[PDB]
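Okay, here we've got a single chain as structure tokens, the form deposited in one PDB entry, with questions on binding and movement later.
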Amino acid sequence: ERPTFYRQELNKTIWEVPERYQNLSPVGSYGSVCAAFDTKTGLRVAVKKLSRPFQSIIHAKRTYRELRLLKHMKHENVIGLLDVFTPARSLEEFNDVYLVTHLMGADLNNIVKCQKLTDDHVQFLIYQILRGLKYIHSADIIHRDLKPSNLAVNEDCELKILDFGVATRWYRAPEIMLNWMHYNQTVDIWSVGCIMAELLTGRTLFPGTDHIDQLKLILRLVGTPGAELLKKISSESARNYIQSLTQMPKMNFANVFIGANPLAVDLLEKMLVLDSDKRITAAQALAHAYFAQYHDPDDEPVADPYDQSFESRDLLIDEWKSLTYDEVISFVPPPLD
């Protein structure tokens, strides 16, 4: 049987959650989230109410996607699903979805408010991001939106990558700025690079005002593409644009990041490569000397394969809705261990 629910109202939204969750308290409003106490395990949790999960085909599919992703993630440094529930008793009345996950202290701008964050602290936080990224990437998933607010950190400096929930453009790979279609997983590595840079210096590495400015600032540090990179660019206007602007040489990263651990500077050089074919991967970055104290090859697991064939399907709202319902139904709680 499904358990006992109770209703209430928080800000502008109704909330119908199991009695198992208590002391709901808004924390930030894709949907709004409450901190709650979970009576069954004794932990504080985050409960997200999806906003009109089935508003359109695009919403319906997004809802399905997020549920499928969150159900698959089982790794210390990736946000995972504690619970998913609807008040609804049947598919006919299935209208709301709530997701339950660990409540973590802050996110990375908040958890890194001490501008000059320690080098040992950056090691451990970046290590953990890369460990989560290895796992995510191994499933053929690209995050695409890595940024400080997508990194949840508790008081112990333990980090989890959040799927969803300071401009996005600031952490965005330049191939994406340029609207390249066939980017790879290393767009996330670029973002880690920008994050690490910001943690080591206290400043946003590339605070572009828009996509043009963003590129300009990026090229300023890493240099304008060489002939090797240019010859891989399939768009004429893109090729002509970057070939048109003033040719910057790559800066010396040791000079730009003065006094930072030389190993951190070296990793940054490997992450912030303009050409994504030459960018370091998550797995490679974890073996980098900079993570000497943390890197353990037998405890950096990969994910079970992840079936995202659904992404190429065009279905009706009710079909996505029902697939989502099946996913809510078949959810097996993570073990109390």
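Heads up, when I say rigid core I mean the largest set of C-alphas that superpose within 1.5 Å between the two forms. All residue numbers are counted from 1 along the displayed sequence.
Missing here is the form deposited in another entry; even so, the following discussion is about that form.
The Cα position of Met177 differs by 2 Å or more between the shown form and the other one after fitting on the rigid core. With a cut-off of 2 Å and the rigid core superposed, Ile58 has a Cα displacement that reaches or exceeds the cut-off between the shown form and the other one. Fitting the two forms on the rigid core leaves the C-alpha of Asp96 displaced by at least 2 angstroms between the shown form and the other one. In the other form, the separation between the C-alpha atoms of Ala173 and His59 shrinks by 3 Å or more relative to the displayed form.
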